[PDB]
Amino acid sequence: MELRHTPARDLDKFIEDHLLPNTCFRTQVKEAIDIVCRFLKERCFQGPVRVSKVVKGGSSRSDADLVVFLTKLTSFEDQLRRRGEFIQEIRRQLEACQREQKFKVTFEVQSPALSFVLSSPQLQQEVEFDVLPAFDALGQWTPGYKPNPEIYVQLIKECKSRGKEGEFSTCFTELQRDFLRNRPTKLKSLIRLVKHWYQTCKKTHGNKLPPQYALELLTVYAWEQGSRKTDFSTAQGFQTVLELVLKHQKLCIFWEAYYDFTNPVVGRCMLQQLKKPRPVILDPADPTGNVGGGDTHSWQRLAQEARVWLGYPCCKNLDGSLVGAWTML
């Protein structure tokens, strides 16, 4: 059944039946991406720019971003100005990879933006990757360590100048993914549920909604503030998120997972972002990015959906009572 017709007691089954990726295909996709990665790093621009890494980003026939990082760029703007140049070289090597390498899945580079589809005839599944060139601002980064604040200092400086705050977040995709992957399975599942809810809402909106990523972060926030447990009620977590969306006019959220106020420039940037019209959901991976910021109308649209959804069976017991949101603090 549709999520909107699924009672709270059936949410976990809904997630397992419709939202969990086919484990086998998931692994085959990871292996393919690893092959593409090493291939692009070796073959692209093989004759200062070079491909240093390739990482899967946000994801919804499912869609996903595939970030191709480039070293030796003179500025963040270059990944935008030379996008055409970069996309052509990457397209060329993706096609050479498809031609020369064998995969356990079908690999098809799409004809002219650059994307390719990984599919499995034996599983009735596929994922289309949107290839995004990005400056490798982080360079060598390893989980557990905060990037050198100087990396963000440079970012802040350029974003201020070009007025592109939060527009180079793709450069920190590794942090975005680390932030969401280092979580208990139950929470990752709740995030999948929220993503589905979001995508369901997007389907009927001719106007903009906040970015899905904003909701992924809001879900983490809900859990950190209201649960922090490896097991909990999915329905209660969902209600908490819907209720948090309603509070968008009062939300001011941020994390110091990859940066903090230590550096004056970064701290100043954070403070400047934290003072902007709410909601403020500061990207843990990018201090210049208020995810879904500067568009209160989009949040009002989503909040209207949140209220509608709080009336659905999703957060309700058989007797019609709400399962209840997590108390927070």
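Note that residue numbering follows the sequence shown and begins at 1.
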In the entry, residues of the deposited sequence missing between residue 144 and residue 145 amount to none
Which class fits the unmodelled deposited stretch between residue 47 and residue 48: none, 1 to 3, 4 to 9, or 10 or more? 1 to 3
Could you check the entry and say whether 14 to 22 or 310 to 318 has the higher mean CA B-factor? 14 to 22
Could you check the entry and say whether 251 to 259 or 155 to 163 has the higher mean CA B-factor? 155 to 163
Highest CA B factor of 294, 58, 284, 267, as deposited, is found at 294
By the CA temperature factor listed in this entry, which of these ranks top: 192, 183, 81, 229? 81
In terms of the CA temperature factor given in the entry, to which third of its chain does residue 43 belong: lowest, middle or highest? highest
Using the B-factor values recorded in the entry, state whether the Cα atom of residue 290 falls in the lowest, middle or highest third among the modelled residues of its chain. lowest
Entry-reported Cα temperature factor of residue 208, expressed as the chain third it lands in: highest
Give the position of residue 196 by CA B-factor within its chain, expressed as the lowest, middle or highest third. lowest
Among the modelled residues of its chain, the C-alpha B-factor of residue 216 falls in the third labelled lowest
